[PDB]
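The chain that follows stands alone, in the form deposited in one PDB entry, written as structure tokens.
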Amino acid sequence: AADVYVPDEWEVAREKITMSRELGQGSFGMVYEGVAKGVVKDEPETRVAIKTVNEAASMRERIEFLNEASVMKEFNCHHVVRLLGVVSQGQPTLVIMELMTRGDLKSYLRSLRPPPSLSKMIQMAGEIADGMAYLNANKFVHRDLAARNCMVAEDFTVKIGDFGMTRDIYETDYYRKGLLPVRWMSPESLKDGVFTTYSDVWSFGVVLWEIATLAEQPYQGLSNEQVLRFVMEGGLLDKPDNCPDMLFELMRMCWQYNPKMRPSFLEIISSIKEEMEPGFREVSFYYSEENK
């Protein structure tokens, strides 16, 4: 399982993939926009994102890259970016993904700085929580939930997804005392380095705070070590200027010191479902037959 990737029904002929332009450096190599033939039912061609493994990468790194794709083969959720294919024969190694035309949510929020309505903010919150509920139900703990690791579609739908954020402009969101997203981590994760569904919920509260501040750096002014201490000693982020009270109260629930006191993602959605737009009932994990 380690050491080898076996090409399968996800393998795409490299001749069916064309790359048009760069999207940015991912954690294993450059990511491109392009077009893939035959990857979506009833579409002769589909616009896609294309992750690559850099030429200088090691044998082991190629496998890690491929195992990350392998884990997503199981998933099919409206609120999680979809795997579409793999090219593991010859070079370069490629992974083909659903294209999110408006990019990552951190960048998007920052672009709005010289404001999104409460209804808009709630829609984003529910979409993110729904994708996370789906993943957690399928025994997937994310470990790096953050606005930079959510993506925005042409119609503004937010989905869980990323190309690896440790090596580009948000590299300073990680601390290497392995790389740890310390400003997004629960007190218990900061202490013992274990991640759980409960710590994903902590991180979700930070994502709400990002939405409410147009992606300020959490704990701005504190160094990484000062953040570790602050959070482990029971400190919290301040209520953002002009923040709707209902959003801050949700943050506070996510930031219970005791992980067992926090809501689950399903409980979070239950608390805001009345404010979700028409359509959510039809596409969500929460309302689906799978949620049981």
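Here the rigid core means the biggest group of C-alpha atoms that line up within 1.5 Å when the two forms are laid on top of each other. A residue's number is simply how far along the shown sequence it sits, counting from 1.
The next section is about a form of this same protein that is not shown, the form solved in complex with a small molecule.
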Single option in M100, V87, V201, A212 placed near the small molecule in the entry with it bound, where near means a heavy atom within 4.5 Å = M100
Which of these residues, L208, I128, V182, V81, gets a heavy atom within 4.5 Å of the small molecule in the entry with it bound?
-> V81
Taking the shortest heavy atom distance, is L23 within 4.5 Å of the small molecule in the entry with it bound?
-> yes
Indicate whether the small molecule has at least one heavy atom within 4.5 Å of a heavy atom of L247 in the entry with it bound.
-> no
Report whether the minimum heavy atom distance between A49 and the small molecule in the entry with it bound is within 4.5 Å.
-> yes
Mark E188 yes when one of its heavy atoms lies within 4.5 Å of a heavy atom of the small molecule in the entry with it bound, and no otherwise.
-> no
Stretch from 239-247, 258-266, 49-57, 226-234 whose residues place a heavy atom within 4.5 Å of the small molecule in the entry with it bound | 49-57
Comparing between this form and the one not shown on the core: of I128, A215, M165, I122, the CA moving 2 angstroms or more sits at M165
Fitting the rigid core first, would the Cα of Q89 be found 2 Å or more away between this form and the one not shown?
-> yes
